[PDB]
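Engineer: Sharing input15.cif (mmCIF, N, CA and C atoms and all ligand atoms) below.
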data_input
loop_
_atom_site.label_atom_id
_atom_site.label_comp_id
_atom_site.auth_asym_id
_atom_site.auth_seq_id
_atom_site.Cartn_x
_atom_site.Cartn_y
_atom_site.Cartn_z
N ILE W 2111 56.71 -87.61 -0.70
CA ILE W 2111 57.07 -87.98 -2.06
C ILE W 2111 57.25 -86.73 -2.91
N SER W 2112 56.38 -85.74 -2.72
CA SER W 2112 56.50 -84.51 -3.50
C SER W 2112 57.80 -83.78 -3.19
N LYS W 2113 58.40 -84.02 -2.03
CA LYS W 2113 59.66 -83.39 -1.66
C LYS W 2113 60.87 -84.24 -2.01
N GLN W 2114 60.68 -85.34 -2.76
CA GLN W 2114 61.79 -86.14 -3.26
C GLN W 2114 61.81 -86.25 -4.78
N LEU W 2115 60.65 -86.13 -5.43
CA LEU W 2115 60.62 -86.14 -6.89
C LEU W 2115 61.46 -85.03 -7.52
N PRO W 2116 61.48 -83.79 -7.02
CA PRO W 2116 62.41 -82.80 -7.60
C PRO W 2116 63.86 -83.22 -7.53
N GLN W 2117 64.27 -83.94 -6.50
CA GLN W 2117 65.63 -84.46 -6.39
C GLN W 2117 65.87 -85.68 -7.28
N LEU W 2118 64.84 -86.17 -7.97
CA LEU W 2118 65.01 -87.30 -8.87
C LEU W 2118 65.99 -86.96 -9.98
N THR W 2119 66.76 -87.96 -10.40
CA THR W 2119 67.81 -87.76 -11.39
C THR W 2119 68.02 -89.02 -12.22
N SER W 2120 69.16 -89.10 -12.91
CA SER W 2120 69.54 -90.32 -13.61
C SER W 2120 69.51 -91.52 -12.67
N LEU W 2121 68.97 -92.63 -13.17
CA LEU W 2121 68.74 -93.84 -12.40
C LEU W 2121 69.60 -94.97 -12.96
N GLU W 2122 70.13 -95.81 -12.07
CA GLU W 2122 70.97 -96.93 -12.47
C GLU W 2122 70.14 -98.20 -12.54
N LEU W 2123 70.43 -99.04 -13.54
CA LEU W 2123 69.61 -100.22 -13.79
C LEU W 2123 69.70 -101.24 -12.67
N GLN W 2124 70.81 -101.25 -11.92
CA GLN W 2124 70.99 -102.21 -10.83
C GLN W 2124 69.86 -102.17 -9.82
N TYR W 2125 69.26 -100.99 -9.61
CA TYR W 2125 68.29 -100.79 -8.55
C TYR W 2125 66.85 -100.82 -9.04
N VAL W 2126 66.62 -100.86 -10.36
CA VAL W 2126 65.28 -100.90 -10.94
C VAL W 2126 65.11 -102.10 -11.86
N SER W 2127 66.21 -102.61 -12.41
CA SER W 2127 66.13 -103.73 -13.34
C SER W 2127 67.47 -104.46 -13.43
N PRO W 2128 67.80 -105.31 -12.46
CA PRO W 2128 69.02 -106.12 -12.58
C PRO W 2128 69.05 -106.97 -13.83
N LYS W 2129 67.88 -107.46 -14.26
CA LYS W 2129 67.81 -108.32 -15.44
C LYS W 2129 68.29 -107.59 -16.69
N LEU W 2130 67.84 -106.36 -16.89
CA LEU W 2130 68.28 -105.59 -18.05
C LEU W 2130 69.74 -105.19 -17.93
N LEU W 2131 70.20 -104.87 -16.72
CA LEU W 2131 71.62 -104.56 -16.53
C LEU W 2131 72.50 -105.73 -16.92
N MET W 2132 72.02 -106.95 -16.71
CA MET W 2132 72.74 -108.15 -17.12
C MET W 2132 72.46 -108.54 -18.57
N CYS W 2133 71.58 -107.81 -19.26
CA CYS W 2133 71.23 -108.16 -20.63
C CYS W 2133 72.44 -107.97 -21.54
N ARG W 2134 72.62 -108.91 -22.47
CA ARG W 2134 73.74 -108.91 -23.40
C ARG W 2134 73.19 -109.31 -24.76
N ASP W 2135 74.05 -109.75 -25.69
CA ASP W 2135 73.66 -110.00 -27.07
C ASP W 2135 72.46 -110.94 -27.15
N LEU W 2136 71.34 -110.40 -27.63
CA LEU W 2136 70.10 -111.13 -27.82
C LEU W 2136 69.93 -111.48 -29.29
N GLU W 2137 68.88 -112.25 -29.56
CA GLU W 2137 68.42 -112.48 -30.92
C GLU W 2137 67.54 -111.35 -31.44
N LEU W 2138 67.18 -110.38 -30.59
CA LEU W 2138 66.28 -109.30 -30.98
C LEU W 2138 66.98 -108.31 -31.89
N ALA W 2139 66.20 -107.65 -32.74
CA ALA W 2139 66.67 -106.54 -33.54
C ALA W 2139 66.56 -105.23 -32.76
N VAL W 2140 67.24 -104.20 -33.25
CA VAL W 2140 67.13 -102.87 -32.67
C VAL W 2140 65.68 -102.43 -32.84
N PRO W 2141 65.00 -101.90 -31.80
CA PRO W 2141 63.55 -101.67 -31.92
C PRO W 2141 63.11 -100.80 -33.07
N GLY W 2142 63.83 -99.73 -33.37
CA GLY W 2142 63.37 -98.74 -34.32
C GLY W 2142 63.61 -99.05 -35.77
N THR W 2143 64.18 -100.21 -36.10
CA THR W 2143 64.55 -100.50 -37.48
C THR W 2143 64.37 -101.99 -37.76
N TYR W 2144 63.81 -102.27 -38.93
CA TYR W 2144 63.80 -103.62 -39.49
C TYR W 2144 63.65 -103.51 -41.00
N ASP W 2145 64.69 -103.94 -41.72
CA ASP W 2145 64.71 -103.92 -43.17
C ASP W 2145 64.86 -105.37 -43.64
N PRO W 2146 63.81 -106.01 -44.17
CA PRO W 2146 64.00 -107.38 -44.68
C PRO W 2146 64.99 -107.47 -45.83
N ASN W 2147 65.19 -106.38 -46.57
CA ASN W 2147 66.08 -106.36 -47.72
C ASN W 2147 67.53 -106.03 -47.35
N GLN W 2148 67.83 -105.82 -46.08
CA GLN W 2148 69.18 -105.54 -45.60
C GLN W 2148 69.45 -106.32 -44.33
N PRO W 2149 70.73 -106.46 -43.94
CA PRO W 2149 71.04 -107.11 -42.66
C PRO W 2149 70.42 -106.35 -41.49
N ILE W 2150 70.09 -107.10 -40.44
CA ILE W 2150 69.44 -106.57 -39.25
C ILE W 2150 70.50 -106.40 -38.16
N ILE W 2151 70.55 -105.21 -37.57
CA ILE W 2151 71.45 -104.94 -36.46
C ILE W 2151 70.84 -105.52 -35.19
N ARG W 2152 71.61 -106.35 -34.49
CA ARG W 2152 71.16 -106.97 -33.26
C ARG W 2152 71.50 -106.10 -32.06
N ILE W 2153 70.61 -106.12 -31.06
CA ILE W 2153 70.87 -105.41 -29.81
C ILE W 2153 72.11 -106.01 -29.17
N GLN W 2154 73.15 -105.19 -29.02
CA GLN W 2154 74.39 -105.63 -28.39
C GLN W 2154 74.37 -105.39 -26.89
N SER W 2155 73.97 -104.20 -26.45
CA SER W 2155 73.92 -103.90 -25.03
C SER W 2155 73.15 -102.61 -24.82
N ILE W 2156 73.00 -102.23 -23.55
CA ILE W 2156 72.30 -101.02 -23.14
C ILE W 2156 73.15 -100.28 -22.12
N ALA W 2157 72.86 -99.00 -21.96
CA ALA W 2157 73.66 -98.16 -21.07
C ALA W 2157 73.43 -98.56 -19.61
N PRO W 2158 74.41 -98.32 -18.73
CA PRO W 2158 74.22 -98.69 -17.32
C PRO W 2158 73.21 -97.83 -16.59
N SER W 2159 72.92 -96.63 -17.08
CA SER W 2159 72.02 -95.71 -16.40
C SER W 2159 71.25 -94.90 -17.43
N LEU W 2160 70.06 -94.45 -17.02
CA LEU W 2160 69.18 -93.63 -17.83
C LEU W 2160 69.18 -92.21 -17.27
N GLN W 2161 68.85 -91.25 -18.12
CA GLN W 2161 68.80 -89.84 -17.73
C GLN W 2161 67.34 -89.39 -17.68
N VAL W 2162 66.97 -88.76 -16.57
CA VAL W 2162 65.60 -88.30 -16.37
C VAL W 2162 65.49 -86.84 -16.77
N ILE W 2163 64.55 -86.53 -17.66
CA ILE W 2163 64.28 -85.17 -18.11
C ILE W 2163 63.22 -84.58 -17.19
N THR W 2164 63.30 -83.27 -16.97
CA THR W 2164 62.46 -82.58 -15.99
C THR W 2164 61.45 -81.69 -16.69
N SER W 2165 60.17 -81.94 -16.45
CA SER W 2165 59.07 -81.12 -16.95
C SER W 2165 57.83 -81.48 -16.13
N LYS W 2166 56.66 -81.05 -16.60
CA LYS W 2166 55.40 -81.56 -16.05
C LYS W 2166 55.39 -83.08 -16.08
N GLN W 2167 55.94 -83.67 -17.13
CA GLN W 2167 56.20 -85.09 -17.25
C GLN W 2167 57.71 -85.33 -17.25
N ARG W 2168 58.09 -86.57 -16.98
CA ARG W 2168 59.50 -86.97 -16.89
C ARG W 2168 59.77 -88.15 -17.81
N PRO W 2169 60.01 -87.89 -19.10
CA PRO W 2169 60.56 -88.94 -19.96
C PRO W 2169 61.94 -89.37 -19.49
N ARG W 2170 62.43 -90.45 -20.10
CA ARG W 2170 63.74 -91.01 -19.77
C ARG W 2170 64.53 -91.22 -21.05
N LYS W 2171 65.77 -90.75 -21.06
CA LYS W 2171 66.61 -90.77 -22.25
C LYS W 2171 67.45 -92.04 -22.24
N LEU W 2172 67.07 -93.00 -23.08
CA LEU W 2172 67.72 -94.30 -23.14
C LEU W 2172 68.74 -94.32 -24.26
N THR W 2173 69.90 -94.89 -23.98
CA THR W 2173 70.93 -95.16 -24.98
C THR W 2173 71.00 -96.67 -25.19
N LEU W 2174 71.27 -97.09 -26.42
CA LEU W 2174 71.32 -98.51 -26.76
C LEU W 2174 72.40 -98.74 -27.80
N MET W 2175 73.23 -99.76 -27.57
CA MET W 2175 74.34 -100.10 -28.45
C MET W 2175 73.96 -101.33 -29.27
N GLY W 2176 74.08 -101.21 -30.60
CA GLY W 2176 73.77 -102.30 -31.50
C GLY W 2176 74.99 -103.13 -31.83
N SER W 2177 74.76 -104.17 -32.64
CA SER W 2177 75.82 -105.11 -32.99
C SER W 2177 76.95 -104.44 -33.78
N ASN W 2178 76.64 -103.43 -34.58
CA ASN W 2178 77.64 -102.73 -35.37
C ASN W 2178 78.41 -101.68 -34.56
N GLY W 2179 78.09 -101.51 -33.28
CA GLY W 2179 78.70 -100.48 -32.46
C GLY W 2179 77.99 -99.15 -32.50
N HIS W 2180 77.00 -98.98 -33.37
CA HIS W 2180 76.28 -97.72 -33.46
C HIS W 2180 75.38 -97.54 -32.25
N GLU W 2181 75.21 -96.29 -31.82
CA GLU W 2181 74.38 -95.95 -30.67
C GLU W 2181 73.08 -95.32 -31.12
N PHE W 2182 71.98 -95.72 -30.48
CA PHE W 2182 70.65 -95.24 -30.79
C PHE W 2182 70.02 -94.71 -29.51
N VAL W 2183 69.41 -93.53 -29.61
CA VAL W 2183 68.88 -92.80 -28.46
C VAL W 2183 67.37 -92.72 -28.60
N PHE W 2184 66.66 -92.94 -27.49
CA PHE W 2184 65.21 -92.98 -27.48
C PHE W 2184 64.68 -92.28 -26.24
N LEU W 2185 63.42 -91.84 -26.32
CA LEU W 2185 62.69 -91.31 -25.18
C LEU W 2185 61.66 -92.35 -24.75
N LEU W 2186 61.89 -92.95 -23.59
CA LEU W 2186 60.94 -93.84 -22.95
C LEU W 2186 59.96 -92.99 -22.14
N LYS W 2187 58.67 -93.26 -22.29
CA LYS W 2187 57.68 -92.50 -21.54
C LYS W 2187 56.32 -93.20 -21.56
N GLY W 2188 55.56 -93.01 -20.47
CA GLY W 2188 54.22 -93.52 -20.33
C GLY W 2188 53.15 -92.46 -20.54
N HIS W 2189 51.90 -92.86 -20.28
CA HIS W 2189 50.74 -91.98 -20.40
C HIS W 2189 50.57 -91.47 -21.83
N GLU W 2190 50.37 -92.40 -22.77
CA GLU W 2190 50.41 -92.06 -24.18
C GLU W 2190 49.88 -93.23 -25.01
N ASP W 2191 49.28 -92.88 -26.15
CA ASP W 2191 48.85 -93.82 -27.17
C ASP W 2191 49.61 -93.45 -28.43
N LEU W 2192 50.67 -94.21 -28.73
CA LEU W 2192 51.54 -93.90 -29.86
C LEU W 2192 51.07 -94.51 -31.17
N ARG W 2193 50.00 -95.31 -31.15
CA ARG W 2193 49.47 -95.92 -32.37
C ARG W 2193 48.99 -94.86 -33.35
N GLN W 2194 48.30 -93.83 -32.84
CA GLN W 2194 47.92 -92.69 -33.66
C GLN W 2194 49.14 -92.08 -34.34
N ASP W 2195 50.23 -91.94 -33.60
CA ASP W 2195 51.45 -91.37 -34.16
C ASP W 2195 52.01 -92.27 -35.26
N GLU W 2196 51.97 -93.59 -35.07
CA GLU W 2196 52.42 -94.49 -36.14
C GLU W 2196 51.61 -94.31 -37.41
N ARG W 2197 50.28 -94.22 -37.27
CA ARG W 2197 49.45 -94.02 -38.46
C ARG W 2197 49.80 -92.71 -39.15
N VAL W 2198 50.01 -91.65 -38.37
CA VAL W 2198 50.33 -90.36 -38.96
C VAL W 2198 51.68 -90.42 -39.67
N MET A 51 94.82 -97.62 36.74
CA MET A 51 94.44 -96.54 35.83
C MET A 51 93.55 -95.56 36.59
N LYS A 52 94.19 -94.71 37.39
CA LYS A 52 93.44 -93.73 38.16
C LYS A 52 92.78 -92.71 37.26
N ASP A 53 93.40 -92.39 36.13
CA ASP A 53 92.77 -91.53 35.13
C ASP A 53 91.72 -92.39 34.43
N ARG A 54 90.46 -91.96 34.52
CA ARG A 54 89.33 -92.65 33.90
C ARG A 54 88.55 -91.72 32.98
N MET A 55 89.18 -90.66 32.49
CA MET A 55 88.47 -89.67 31.67
C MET A 55 88.00 -90.31 30.38
N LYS A 56 86.68 -90.38 30.20
CA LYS A 56 86.06 -90.98 29.03
C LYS A 56 85.61 -89.87 28.09
N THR A 57 85.32 -90.26 26.85
CA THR A 57 84.72 -89.35 25.89
C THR A 57 83.20 -89.49 25.97
N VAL A 58 82.49 -88.38 25.77
CA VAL A 58 81.06 -88.31 26.02
C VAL A 58 80.26 -87.97 24.76
N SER A 59 80.79 -87.12 23.89
CA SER A 59 80.01 -86.57 22.79
C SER A 59 80.92 -86.27 21.61
N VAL A 60 80.29 -86.13 20.44
CA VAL A 60 80.98 -86.02 19.16
C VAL A 60 80.27 -84.96 18.33
N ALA A 61 81.05 -84.20 17.57
CA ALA A 61 80.55 -83.14 16.69
C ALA A 61 81.00 -83.43 15.27
N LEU A 62 80.04 -83.42 14.34
CA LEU A 62 80.28 -83.75 12.94
C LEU A 62 80.16 -82.48 12.11
N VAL A 63 81.29 -81.86 11.79
CA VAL A 63 81.35 -80.59 11.08
C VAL A 63 81.59 -80.92 9.61
N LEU A 64 80.51 -80.92 8.81
CA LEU A 64 80.58 -81.23 7.39
C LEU A 64 80.57 -79.93 6.59
N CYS A 65 81.74 -79.29 6.53
CA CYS A 65 81.83 -77.97 5.91
C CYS A 65 81.69 -78.02 4.39
N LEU A 66 81.78 -79.19 3.77
CA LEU A 66 81.75 -79.27 2.31
C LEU A 66 80.40 -78.81 1.77
N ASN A 67 80.45 -78.05 0.68
CA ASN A 67 79.26 -77.62 -0.06
C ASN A 67 79.25 -78.42 -1.36
N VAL A 68 78.22 -79.26 -1.52
CA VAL A 68 78.16 -80.15 -2.67
C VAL A 68 77.96 -79.34 -3.93
N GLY A 69 78.66 -79.73 -5.00
CA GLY A 69 78.52 -79.09 -6.29
C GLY A 69 79.30 -77.81 -6.46
N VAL A 70 79.98 -77.34 -5.42
CA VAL A 70 80.79 -76.12 -5.47
C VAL A 70 82.25 -76.52 -5.54
N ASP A 71 82.93 -76.08 -6.59
CA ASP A 71 84.35 -76.37 -6.79
C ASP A 71 85.16 -75.14 -6.40
N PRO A 72 85.94 -75.16 -5.31
CA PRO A 72 86.70 -73.97 -4.95
C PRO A 72 87.71 -73.63 -6.02
N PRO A 73 88.15 -72.37 -6.10
CA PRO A 73 89.15 -72.01 -7.11
C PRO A 73 90.50 -72.68 -6.91
N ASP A 74 90.77 -73.20 -5.71
CA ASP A 74 92.06 -73.82 -5.44
C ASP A 74 92.30 -75.06 -6.29
N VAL A 75 91.25 -75.76 -6.70
CA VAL A 75 91.35 -77.11 -7.26
C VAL A 75 90.97 -77.08 -8.73
N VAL A 76 91.61 -77.94 -9.51
CA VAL A 76 91.21 -78.25 -10.88
C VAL A 76 91.13 -79.76 -11.01
N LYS A 77 89.91 -80.28 -11.15
CA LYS A 77 89.68 -81.71 -11.17
C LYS A 77 89.98 -82.29 -12.55
N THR A 78 89.84 -83.60 -12.66
CA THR A 78 89.93 -84.34 -13.90
C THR A 78 88.78 -85.33 -13.97
N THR A 79 88.61 -85.94 -15.14
CA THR A 79 87.56 -86.95 -15.36
C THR A 79 87.57 -88.09 -14.34
N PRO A 80 88.70 -88.69 -13.97
CA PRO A 80 88.68 -89.73 -12.94
C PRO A 80 88.66 -89.23 -11.50
N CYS A 81 88.26 -87.99 -11.23
CA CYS A 81 88.13 -87.54 -9.85
C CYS A 81 86.88 -88.16 -9.23
N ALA A 82 87.02 -89.43 -8.85
CA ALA A 82 86.01 -90.05 -8.01
C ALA A 82 86.07 -89.44 -6.62
N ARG A 83 84.98 -88.80 -6.23
CA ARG A 83 84.92 -88.01 -5.00
C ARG A 83 84.05 -88.72 -3.98
N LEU A 84 84.23 -90.04 -3.88
CA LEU A 84 83.52 -90.81 -2.87
C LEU A 84 83.88 -90.31 -1.48
N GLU A 85 82.86 -90.09 -0.66
CA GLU A 85 83.04 -89.84 0.76
C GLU A 85 82.01 -90.67 1.49
N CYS A 86 82.46 -91.42 2.50
CA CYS A 86 81.66 -92.47 3.12
C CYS A 86 81.14 -93.46 2.08
N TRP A 87 81.95 -93.73 1.06
CA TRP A 87 81.68 -94.75 0.04
C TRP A 87 80.42 -94.46 -0.76
N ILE A 88 79.99 -93.20 -0.80
CA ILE A 88 78.68 -92.82 -1.32
C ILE A 88 78.84 -91.51 -2.09
N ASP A 89 78.64 -91.56 -3.41
CA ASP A 89 78.89 -90.42 -4.30
C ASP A 89 77.65 -90.06 -5.11
N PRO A 90 76.64 -89.45 -4.46
CA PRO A 90 75.43 -88.98 -5.15
C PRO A 90 75.51 -87.52 -5.58
N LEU A 91 76.53 -87.18 -6.37
CA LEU A 91 76.48 -85.91 -7.08
C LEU A 91 75.34 -85.91 -8.09
N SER A 92 74.91 -87.09 -8.54
CA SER A 92 73.71 -87.20 -9.36
C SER A 92 72.46 -86.74 -8.63
N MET A 93 72.28 -87.11 -7.36
CA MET A 93 71.03 -86.90 -6.65
C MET A 93 70.77 -85.44 -6.30
N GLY A 94 71.76 -84.57 -6.43
CA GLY A 94 71.63 -83.19 -6.03
C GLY A 94 72.17 -82.96 -4.63
N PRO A 95 72.36 -81.69 -4.26
CA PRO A 95 73.11 -81.39 -3.02
C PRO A 95 72.42 -81.85 -1.74
N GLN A 96 71.10 -81.73 -1.65
CA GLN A 96 70.44 -81.95 -0.37
C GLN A 96 70.48 -83.43 0.02
N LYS A 97 70.15 -84.32 -0.92
CA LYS A 97 70.26 -85.75 -0.66
C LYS A 97 71.69 -86.13 -0.31
N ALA A 98 72.67 -85.53 -0.99
CA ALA A 98 74.07 -85.80 -0.68
C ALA A 98 74.38 -85.46 0.77
N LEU A 99 74.05 -84.24 1.21
CA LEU A 99 74.35 -83.85 2.58
C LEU A 99 73.64 -84.75 3.59
MG MG V 2201 57.32 -92.72 -23.74
#
Since I need it in another form, could you write the structure as structure tokens?
Structural biologist:
Amino acid sequence: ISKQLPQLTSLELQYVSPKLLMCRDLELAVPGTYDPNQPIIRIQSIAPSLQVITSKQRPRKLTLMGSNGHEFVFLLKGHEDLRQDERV
Amino acid sequence: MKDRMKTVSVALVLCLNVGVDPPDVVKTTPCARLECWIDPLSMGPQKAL
């Protein structure tokens, strides 16, 4: 395994999450935004593949397309308690 | 068929070096470079070979 993780790269959703690859217009809002005083952008779709960043840890660079066509970029990652960050 | 000469062995000479673009060629965005229906330029050279 240690001799294959360095060769790790961008991953396609077909092989890790067929359900998300088939995901289309939901009732959900874009995760990072909710304004009750303004219209809510609905999740339109997600990218076919994610990009793996290389370090001691390996976050994943997710792209997401909203109902307005705007693209939003996020870092997916584990081993973390982000509640402290929300409070800060 | 008095001639019965059969083939016995096969040599697979894969001279291609993954990720190296010779000066002879200038590619374009739709240069799908599938070989054996398998295009892991993403995975890096060793997995590809
Ligand atoms: Mg994360």
Engineer: Taking only C-alpha atoms and all ligand atoms into account, list the residues no farther than 8 Å from ligand MG 2201 (chain V), as a PyMOL selection string.
Structural biologist: chain W and resi 2169-2170+2185-2190
Engineer: Taking all atoms listed in the file into account, find every residue of chain A that has an atom no more than 6.5 Å from chain W, and write it out as a PDB file with N, CA and C atoms, in the coordinates of the input.
Structural biologist:
ATOM      1  N   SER A  92      74.910 -87.090  -8.540  1.00  0.00           N
ATOM      2  CA  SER A  92      73.710 -87.200  -9.360  1.00  0.00           C
ATOM      3  C   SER A  92      72.460 -86.740  -8.630  1.00  0.00           C
ATOM      4  N   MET A  93      72.280 -87.110  -7.360  1.00  0.00           N
ATOM      5  CA  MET A  93      71.030 -86.900  -6.650  1.00  0.00           C
ATOM      6  C   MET A  93      70.770 -85.440  -6.300  1.00  0.00           C
ATOM      7  N   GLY A  94      71.760 -84.570  -6.430  1.00  0.00           N
ATOM      8  CA  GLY A  94      71.630 -83.190  -6.030  1.00  0.00           C
ATOM      9  C   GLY A  94      72.170 -82.960  -4.630  1.00  0.00           C
TER      10      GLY A  94
END
Engineer: Give me, please, the distance in Å between atom CA of residue 2158 of chain W and atom CA of residue 2130 of chain W, quoted to one decimal.
Structural biologist: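 Between atom CA of residue 2158 of chain W and atom CA of residue 2130 of chain W the gap works out to 9.1 Å.
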Engineer: I'd like the interatomic distance between atom N of residue 2154 of chain W and atom N of residue 2181 of chain W, to a tenth of an Å.
Structural biologist: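 Atom-to-atom, atom N of residue 2154 of chain W and atom N of residue 2181 of chain W are spaced 9.6 Å apart.
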Engineer: Can you tell me how far atom N of residue 2128 of chain W sits from atom N of residue 2155 of chain W, in Å to one decimal?
Structural biologist: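 Between these atoms lies a distance of 15.3 Å.
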Engineer: As JSON, please: the centre and edge lengths in Å, to one decimal, of an axis-aligned box enclosing every listed atom of segment 2164-2169 of chain W with 4 Å added on each side.
Structural biologist:
{"center_x": 59.3, "center_y": -85.2, "center_z": -18.0, "size_x": 15.9, "size_y": 16.3, "size_z": 12.0}
Engineer: Taking the DSSP secondary structure from the backbone, can you list the residues of chain W that are helix (DSSP H, G or I), as a count of residues only?
Structural biologist: 12
Engineer: May I ask you to restore N, CA, C and O atoms in segment 51-64 of chain A and write the result as a PDB file, in the frame of the given file?
Structural biologist:
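Result saved to rebuild.pdb:
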ATOM      1  N   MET A  51      94.820 -97.620  36.740  1.00  0.00           N
ATOM      2  CA  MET A  51      94.440 -96.540  35.830  1.00  0.00           C
ATOM      3  C   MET A  51      93.550 -95.560  36.590  1.00  0.00           C
ATOM      4  O   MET A  51      92.321 -95.565  36.476  1.00  0.00           O
ATOM      5  N   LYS A  52      94.190 -94.710  37.390  1.00  0.00           N
ATOM      6  CA  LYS A  52      93.440 -93.730  38.160  1.00  0.00           C
ATOM      7  C   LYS A  52      92.780 -92.710  37.260  1.00  0.00           C
ATOM      8  O   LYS A  52      91.694 -92.209  37.580  1.00  0.00           O
ATOM      9  N   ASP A  53      93.400 -92.390  36.130  1.00  0.00           N
ATOM     10  CA  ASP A  53      92.770 -91.530  35.130  1.00  0.00           C
ATOM     11  C   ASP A  53      91.720 -92.390  34.430  1.00  0.00           C
ATOM     12  O   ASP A  53      92.041 -93.412  33.821  1.00  0.00           O
ATOM     13  N   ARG A  54      90.460 -91.960  34.520  1.00  0.00           N
ATOM     14  CA  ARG A  54      89.330 -92.650  33.900  1.00  0.00           C
ATOM     15  C   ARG A  54      88.550 -91.720  32.980  1.00  0.00           C
ATOM     16  O   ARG A  54      87.364 -91.957  32.723  1.00  0.00           O
ATOM     17  N   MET A  55      89.180 -90.660  32.490  1.00  0.00           N
ATOM     18  CA  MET A  55      88.470 -89.670  31.670  1.00  0.00           C
ATOM     19  C   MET A  55      88.000 -90.310  30.380  1.00  0.00           C
ATOM     20  O   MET A  55      88.814 -90.732  29.549  1.00  0.00           O
ATOM     21  N   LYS A  56      86.680 -90.380  30.200  1.00  0.00           N
ATOM     22  CA  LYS A  56      86.060 -90.980  29.030  1.00  0.00           C
ATOM     23  C   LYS A  56      85.610 -89.870  28.090  1.00  0.00           C
ATOM     24  O   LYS A  56      85.529 -88.704  28.471  1.00  0.00           O
ATOM     25  N   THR A  57      85.320 -90.260  26.850  1.00  0.00           N
ATOM     26  CA  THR A  57      84.720 -89.350  25.890  1.00  0.00           C
ATOM     27  C   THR A  57      83.200 -89.490  25.970  1.00  0.00           C
ATOM     28  O   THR A  57      82.685 -90.588  26.199  1.00  0.00           O
ATOM     29  N   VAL A  58      82.490 -88.380  25.770  1.00  0.00           N
ATOM     30  CA  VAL A  58      81.060 -88.310  26.020  1.00  0.00           C
ATOM     31  C   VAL A  58      80.260 -87.970  24.760  1.00  0.00           C
ATOM     32  O   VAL A  58      79.157 -88.496  24.593  1.00  0.00           O
ATOM     33  N   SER A  59      80.790 -87.120  23.890  1.00  0.00           N
ATOM     34  CA  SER A  59      80.010 -86.570  22.790  1.00  0.00           C
ATOM     35  C   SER A  59      80.920 -86.270  21.610  1.00  0.00           C
ATOM     36  O   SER A  59      82.142 -86.168  21.743  1.00  0.00           O
ATOM     37  N   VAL A  60      80.290 -86.130  20.440  1.00  0.00           N
ATOM     38  CA  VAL A  60      80.980 -86.020  19.160  1.00  0.00           C
ATOM     39  C   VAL A  60      80.270 -84.960  18.330  1.00  0.00           C
ATOM     40  O   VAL A  60      79.040 -84.853  18.369  1.00  0.00           O
ATOM     41  N   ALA A  61      81.050 -84.200  17.570  1.00  0.00           N
ATOM     42  CA  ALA A  61      80.550 -83.140  16.690  1.00  0.00           C
ATOM     43  C   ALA A  61      81.000 -83.430  15.270  1.00  0.00           C
ATOM     44  O   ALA A  61      82.190 -83.636  15.015  1.00  0.00           O
ATOM     45  N   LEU A  62      80.040 -83.420  14.340  1.00  0.00           N
ATOM     46  CA  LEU A  62      80.280 -83.750  12.940  1.00  0.00           C
ATOM     47  C   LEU A  62      80.160 -82.480  12.110  1.00  0.00           C
ATOM     48  O   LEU A  62      79.048 -82.073  11.747  1.00  0.00           O
ATOM     49  N   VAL A  63      81.290 -81.860  11.790  1.00  0.00           N
ATOM     50  CA  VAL A  63      81.350 -80.590  11.080  1.00  0.00           C
ATOM     51  C   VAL A  63      81.590 -80.920   9.610  1.00  0.00           C
ATOM     52  O   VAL A  63      82.722 -81.151   9.185  1.00  0.00           O
ATOM     53  N   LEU A  64      80.510 -80.920   8.810  1.00  0.00           N
ATOM     54  CA  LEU A  64      80.580 -81.230   7.390  1.00  0.00           C
ATOM     55  C   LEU A  64      80.570 -79.930   6.590  1.00  0.00           C
ATOM     56  O   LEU A  64      79.560 -79.510   6.023  1.00  0.00           O
TER      57      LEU A  64
END
